[PDB]
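Participant: What follows is final_27.cif, made up of mmCIF, C-alpha atoms:
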data_upload
loop_
_atom_site.label_atom_id
_atom_site.label_comp_id
_atom_site.auth_asym_id
_atom_site.auth_seq_id
_atom_site.Cartn_x
_atom_site.Cartn_y
_atom_site.Cartn_z
CA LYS A 1 -37.27 -21.90 40.74
CA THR A 2 -40.02 -20.08 38.88
CA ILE A 3 -40.72 -20.65 35.19
CA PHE A 4 -41.20 -17.71 32.83
CA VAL A 5 -42.65 -18.35 29.36
CA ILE A 6 -41.65 -15.24 27.39
CA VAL A 7 -43.03 -14.31 23.96
CA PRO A 8 -41.15 -11.42 22.39
CA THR A 9 -43.26 -9.32 20.01
CA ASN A 10 -40.46 -7.95 17.78
CA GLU A 11 -36.71 -8.31 16.89
CA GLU A 12 -35.61 -5.75 19.52
CA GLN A 13 -36.98 -8.03 22.27
CA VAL A 14 -35.44 -11.15 20.65
CA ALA A 15 -32.09 -9.28 20.66
CA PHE A 16 -32.50 -8.17 24.30
CA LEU A 17 -33.18 -11.80 25.34
CA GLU A 18 -30.20 -13.17 23.36
CA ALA A 19 -27.94 -10.62 25.01
CA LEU A 20 -29.41 -11.48 28.46
CA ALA A 21 -28.89 -15.20 27.96
CA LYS A 22 -25.15 -14.45 27.63
CA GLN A 23 -25.04 -13.40 31.30
CA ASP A 24 -24.24 -16.59 33.23
CA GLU A 25 -23.98 -14.63 36.47
CA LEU A 26 -27.77 -14.20 36.55
CA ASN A 27 -27.98 -18.01 37.08
CA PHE A 28 -30.97 -18.24 34.73
CA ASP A 29 -31.67 -21.58 33.16
CA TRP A 30 -32.69 -21.12 29.53
CA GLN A 31 -34.63 -24.16 28.32
CA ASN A 32 -34.64 -22.96 24.70
CA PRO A 33 -33.07 -19.92 22.99
CA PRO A 34 -34.98 -16.93 21.66
CA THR A 35 -35.43 -17.29 17.88
CA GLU A 36 -38.04 -15.02 16.25
CA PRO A 37 -40.99 -12.82 17.28
CA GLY A 38 -43.90 -14.86 18.67
CA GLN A 39 -41.81 -17.98 19.41
CA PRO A 40 -42.09 -18.77 23.16
CA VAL A 41 -38.96 -18.81 25.34
CA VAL A 42 -38.85 -20.90 28.51
CA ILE A 43 -36.51 -19.96 31.40
CA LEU A 44 -36.23 -21.35 34.94
CA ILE A 45 -35.45 -18.44 37.25
CA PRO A 46 -34.06 -18.54 40.79
CA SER A 47 -36.61 -17.34 43.41
CA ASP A 48 -34.40 -14.40 44.41
CA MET A 49 -34.37 -13.01 40.80
CA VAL A 50 -38.09 -13.23 39.96
CA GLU A 51 -38.90 -9.69 41.10
CA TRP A 52 -35.92 -8.25 39.23
CA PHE A 53 -37.00 -10.14 36.07
CA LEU A 54 -40.69 -9.15 36.40
CA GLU A 55 -39.74 -5.47 36.45
CA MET A 56 -37.20 -5.90 33.61
CA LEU A 57 -39.74 -7.62 31.31
CA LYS A 58 -42.35 -5.05 32.39
CA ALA A 59 -39.99 -2.19 31.51
CA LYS A 60 -39.16 -3.64 28.07
CA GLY A 61 -42.86 -4.29 27.19
CA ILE A 62 -42.20 -8.01 26.86
CA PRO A 63 -45.17 -10.32 27.18
CA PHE A 64 -44.84 -13.23 29.58
CA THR A 65 -46.56 -15.73 31.84
CA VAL A 66 -45.19 -17.07 35.15
CA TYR A 67 -45.60 -20.65 36.33
CA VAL A 68 -44.91 -22.13 39.81
CA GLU A 69 -44.81 -25.70 41.09
CA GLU A 70 -48.22 -27.20 41.95
CA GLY A 71 -48.64 -26.78 45.73
CA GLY A 72 -45.00 -25.75 46.20
CA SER A 73 -42.80 -23.16 47.90
CA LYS B 1 -51.83 -24.13 29.92
CA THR B 2 -49.79 -26.41 32.24
CA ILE B 3 -46.03 -27.20 32.20
CA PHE B 4 -44.20 -30.45 32.92
CA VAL B 5 -40.48 -30.36 33.57
CA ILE B 6 -39.59 -34.00 32.87
CA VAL B 7 -36.19 -35.53 33.69
CA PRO B 8 -35.34 -38.91 32.16
CA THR B 9 -32.83 -40.86 34.29
CA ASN B 10 -31.67 -43.42 31.71
CA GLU B 11 -31.43 -43.72 27.89
CA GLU B 12 -34.55 -45.85 27.70
CA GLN B 13 -36.64 -42.97 29.16
CA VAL B 14 -34.89 -40.45 26.86
CA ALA B 15 -35.75 -42.70 23.90
CA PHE B 16 -39.39 -42.99 25.08
CA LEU B 17 -39.74 -39.17 25.29
CA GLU B 18 -38.04 -38.81 21.88
CA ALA B 19 -40.77 -41.11 20.41
CA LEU B 20 -43.59 -38.91 21.79
CA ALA B 21 -41.89 -35.67 20.73
CA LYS B 22 -41.76 -37.10 17.20
CA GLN B 23 -45.55 -36.98 17.01
CA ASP B 24 -46.61 -33.52 15.97
CA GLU B 25 -49.66 -33.29 18.23
CA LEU B 26 -51.51 -29.98 18.42
CA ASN B 27 -51.01 -28.12 21.72
CA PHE B 28 -48.55 -30.74 23.06
CA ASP B 29 -45.79 -28.25 22.94
CA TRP B 30 -42.24 -29.53 23.42
CA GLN B 31 -39.97 -26.62 24.20
CA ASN B 32 -36.72 -28.54 24.05
CA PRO B 33 -35.98 -32.01 22.77
CA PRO B 34 -34.72 -34.88 24.94
CA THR B 35 -30.95 -35.21 24.78
CA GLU B 36 -29.39 -37.36 27.51
CA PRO B 37 -30.22 -38.81 30.98
CA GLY B 38 -30.45 -36.15 33.72
CA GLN B 39 -31.36 -33.32 31.32
CA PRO B 40 -34.74 -31.61 31.72
CA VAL B 41 -37.30 -31.77 28.96
CA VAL B 42 -39.99 -29.13 29.04
CA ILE B 43 -43.43 -29.43 27.55
CA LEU B 44 -46.52 -27.20 27.60
CA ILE B 45 -49.88 -29.07 27.33
CA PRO B 46 -53.61 -28.24 27.72
CA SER B 47 -54.47 -28.30 31.40
CA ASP B 48 -57.34 -30.73 30.87
CA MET B 49 -54.77 -33.42 29.87
CA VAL B 50 -52.59 -33.11 32.95
CA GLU B 51 -54.18 -35.94 34.94
CA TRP B 52 -53.63 -38.63 32.31
CA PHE B 53 -50.25 -37.25 31.20
CA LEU B 54 -48.78 -37.44 34.68
CA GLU B 55 -50.22 -40.94 35.28
CA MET B 56 -48.41 -42.06 32.15
CA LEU B 57 -45.08 -40.57 33.25
CA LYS B 58 -45.61 -42.18 36.68
CA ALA B 59 -46.55 -45.52 35.19
CA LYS B 60 -43.20 -45.25 33.42
CA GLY B 61 -41.29 -44.09 36.55
CA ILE B 62 -40.08 -40.91 34.77
CA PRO B 63 -39.37 -38.09 37.23
CA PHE B 64 -41.22 -34.85 36.61
CA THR B 65 -42.64 -31.78 38.14
CA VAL B 66 -45.81 -29.90 37.22
CA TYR B 67 -45.91 -26.13 37.03
CA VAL B 68 -49.15 -24.17 36.93
CA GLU B 69 -49.96 -20.66 35.74
CA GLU B 70 -49.69 -18.00 38.43
CA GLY B 71 -50.09 -14.82 36.34
CA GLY B 72 -48.64 -12.77 33.47
CA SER B 73 -48.09 -9.36 31.92
#
Once you've parsed the file, please lay out its structure as structure tokens.

Facilitator:
Amino acid sequence: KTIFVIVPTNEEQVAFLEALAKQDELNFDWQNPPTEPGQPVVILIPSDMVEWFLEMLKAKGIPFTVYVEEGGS
Amino acid sequence: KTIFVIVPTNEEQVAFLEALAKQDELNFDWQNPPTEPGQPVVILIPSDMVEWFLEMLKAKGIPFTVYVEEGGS
């Protein structure tokens, strides 16, 4: 599992993330919900979805930072 | 700067983490509150406070894992 810390810059991106969090089939683990622009959103992402999510965030212009376990897989 | 995914295993450890989260300390950034045993609690802290923060959790026998920045947008 990789951690993404997302910080949406506007309401469109907050809305995209709320919609996305409705999709249980992605198997994403949302640690807190999106709220407002500039409020960080923490998600634990299965390894096999990180590339999909990178490109998705990249395509939507959504700022983020990725975190991995210290000395892990 | 650095993330801890902390998982309290009894109500005593949940209560301990609730007491910390109650202190509004700058840059100790709790992303979700403690709830119940077995539920992850995620915090973002300055990386220069990792060494003492993990020793404390260890001293207390509270399971955790550390996640470090790997990159971003």

Participant: The residues within 12 Å of (-46.7, -21.2, 32.9), using only C-alpha atoms and the coordinates of the file, should be reported as a ChimeraX atom specification; which are they?

Facilitator: /A:2-7,40-44,64-70 /B:1-5,42-47,66-73

Participant: Hey, which of B:39, B:17, B:52, B:26 ends up closest to chain A? Count all atoms listed in the file.

Facilitator: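 For chain A, the nearest of the candidates is B:39.
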
Participant: After a least-squares superposition on chain B over all sequentially paired C-alpha atoms, what is chain A as an mmCIF file with C-alpha atoms, keeping the file's coordinate frame?

Facilitator:
data_model
loop_
_atom_site.group_PDB
_atom_site.id
_atom_site.type_symbol
_atom_site.label_atom_id
_atom_site.label_comp_id
_atom_site.auth_asym_id
_atom_site.auth_seq_id
_atom_site.Cartn_x
_atom_site.Cartn_y
_atom_site.Cartn_z
ATOM 1 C CA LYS A 1 -50.611 -23.972 29.142
ATOM 2 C CA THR A 2 -48.756 -25.761 31.916
ATOM 3 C CA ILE A 3 -44.994 -26.286 31.856
ATOM 4 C CA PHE A 4 -43.498 -29.688 32.648
ATOM 5 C CA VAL A 5 -39.752 -29.942 33.324
ATOM 6 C CA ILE A 6 -39.002 -33.645 32.803
ATOM 7 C CA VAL A 7 -35.744 -35.358 33.799
ATOM 8 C CA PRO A 8 -35.506 -38.889 32.447
ATOM 9 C CA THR A 9 -33.388 -41.221 34.592
ATOM 10 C CA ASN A 10 -32.321 -43.717 31.886
ATOM 11 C CA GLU A 11 -32.239 -44.347 28.068
ATOM 12 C CA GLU A 12 -35.654 -46.085 28.056
ATOM 13 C CA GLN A 13 -37.279 -42.836 29.257
ATOM 14 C CA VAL A 14 -35.250 -40.733 26.769
ATOM 15 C CA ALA A 15 -36.537 -43.076 24.017
ATOM 16 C CA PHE A 16 -40.150 -42.868 25.261
ATOM 17 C CA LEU A 17 -39.961 -39.036 25.201
ATOM 18 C CA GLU A 18 -38.407 -38.937 21.700
ATOM 19 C CA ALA A 19 -41.167 -41.189 20.419
ATOM 20 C CA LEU A 20 -43.816 -39.018 22.171
ATOM 21 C CA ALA A 21 -42.436 -35.813 20.693
ATOM 22 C CA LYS A 22 -43.183 -37.295 17.243
ATOM 23 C CA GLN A 23 -46.926 -37.116 17.980
ATOM 24 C CA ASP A 24 -48.024 -33.676 16.752
ATOM 25 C CA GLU A 25 -51.652 -34.509 17.497
ATOM 26 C CA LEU A 26 -50.987 -34.196 21.241
ATOM 27 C CA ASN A 27 -50.377 -30.445 20.606
ATOM 28 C CA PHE A 28 -47.442 -30.442 23.034
ATOM 29 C CA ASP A 29 -44.891 -27.712 22.645
ATOM 30 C CA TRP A 30 -41.399 -29.117 23.150
ATOM 31 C CA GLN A 31 -38.986 -26.326 24.077
ATOM 32 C CA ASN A 32 -35.937 -28.599 23.797
ATOM 33 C CA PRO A 33 -35.539 -32.258 22.755
ATOM 34 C CA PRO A 34 -34.694 -35.118 25.093
ATOM 35 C CA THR A 35 -30.963 -35.912 24.830
ATOM 36 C CA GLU A 36 -29.479 -38.072 27.615
ATOM 37 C CA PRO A 37 -30.383 -39.253 31.136
ATOM 38 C CA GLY A 38 -30.456 -36.383 33.650
ATOM 39 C CA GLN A 39 -30.755 -33.624 31.014
ATOM 40 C CA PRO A 40 -33.973 -31.638 31.692
ATOM 41 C CA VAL A 41 -36.707 -31.470 29.037
ATOM 42 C CA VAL A 42 -39.112 -28.532 28.935
ATOM 43 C CA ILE A 43 -42.601 -28.904 27.386
ATOM 44 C CA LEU A 44 -45.584 -26.529 27.350
ATOM 45 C CA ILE A 45 -48.725 -28.637 27.677
ATOM 46 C CA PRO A 46 -52.317 -27.662 26.891
ATOM 47 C CA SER A 47 -54.518 -27.477 30.041
ATOM 48 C CA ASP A 48 -56.768 -30.291 28.798
ATOM 49 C CA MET A 49 -53.790 -32.745 28.526
ATOM 50 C CA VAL A 50 -52.102 -32.135 31.898
ATOM 51 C CA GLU A 51 -53.965 -34.914 33.712
ATOM 52 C CA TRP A 52 -53.293 -37.392 30.909
ATOM 53 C CA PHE A 53 -49.574 -36.451 30.979
ATOM 54 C CA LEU A 54 -49.321 -36.597 34.802
ATOM 55 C CA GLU A 55 -50.603 -40.175 34.791
ATOM 56 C CA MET A 56 -48.408 -41.145 31.801
ATOM 57 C CA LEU A 57 -45.208 -39.822 33.447
ATOM 58 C CA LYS A 58 -46.338 -41.392 36.739
ATOM 59 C CA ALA A 59 -46.844 -44.761 35.031
ATOM 60 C CA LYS A 60 -43.418 -44.665 33.335
ATOM 61 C CA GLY A 61 -41.578 -43.672 36.577
ATOM 62 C CA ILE A 62 -40.387 -40.438 34.993
ATOM 63 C CA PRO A 63 -39.373 -37.649 37.328
ATOM 64 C CA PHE A 64 -40.881 -34.235 36.693
ATOM 65 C CA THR A 65 -41.908 -30.875 38.097
ATOM 66 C CA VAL A 66 -44.937 -28.817 36.993
ATOM 67 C CA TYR A 67 -44.953 -25.036 36.709
ATOM 68 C CA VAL A 68 -47.948 -22.671 36.249
ATOM 69 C CA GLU A 69 -48.176 -18.959 35.495
ATOM 70 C CA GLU A 70 -47.790 -16.671 38.533
ATOM 71 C CA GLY A 71 -51.340 -15.775 39.643
ATOM 72 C CA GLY A 72 -52.890 -17.242 36.484
ATOM 73 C CA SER A 73 -55.694 -19.505 35.278
#

Participant: Just how far from CA of residue 18 (chain B) is CA of residue 57 (chain B), in Å to one decimal?

Facilitator: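 Those two atoms sit 13.5 Å apart.
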
Participant: Under the rule that all atoms listed in the file are counted, which of A:16, A:30, A:22, A:38 is the nearest residue to chain B?

Facilitator: A:30

Participant: When you draw a straight line from CA of residue 53 (chain A) to CA of residue 28 (chain B), how long is it in Å?

Facilitator: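 Atom-to-atom, CA of residue 53 (chain A) to CA of residue 28 (chain B), that is 27.0 Å.
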
Participant: Residues proximal to (-37.2, -3.0, 27.3) were defined as those with any atom within 10 Å of that point in the file's coordinates, counting only C-alpha atoms. Which are they, as a ChimeraX atom specification?

Facilitator: /A:12-13,16-17,55-62

Participant: For CA of residue 35 (chain B) and CA of residue 31 (chain A), determine how far apart the two atoms are, in Å to one decimal place.

Facilitator: 12.2 Å

Participant: Which residue gives the smallest distance to chain B among A:32, A:51, A:14, A:19, with only C-alpha atoms counted?

Facilitator: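 With only C-alpha atoms as the atom set, the closest residue is A:32.
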
Participant: Counting only C-alpha atoms, figure out which residue out of B:37, B:29, B:49, B:10 gets nearest to chain A.

Facilitator: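 Looking at the shortest contact to chain A, the residue is B:29.
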
Participant: For chain A, which of B:23, B:48, B:33, B:54 is the closest residue, counting only C-alpha atoms?

Facilitator: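 Nearest candidate to chain A out of B:23, B:48, B:33, B:54: B:33.
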
Participant: Determine the nearest neighbour of chain B from the options A:50, A:9, A:63, A:34, counting all atoms listed in the file.

Facilitator: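 The shortest atom-to-atom distance to chain B comes from A:63.
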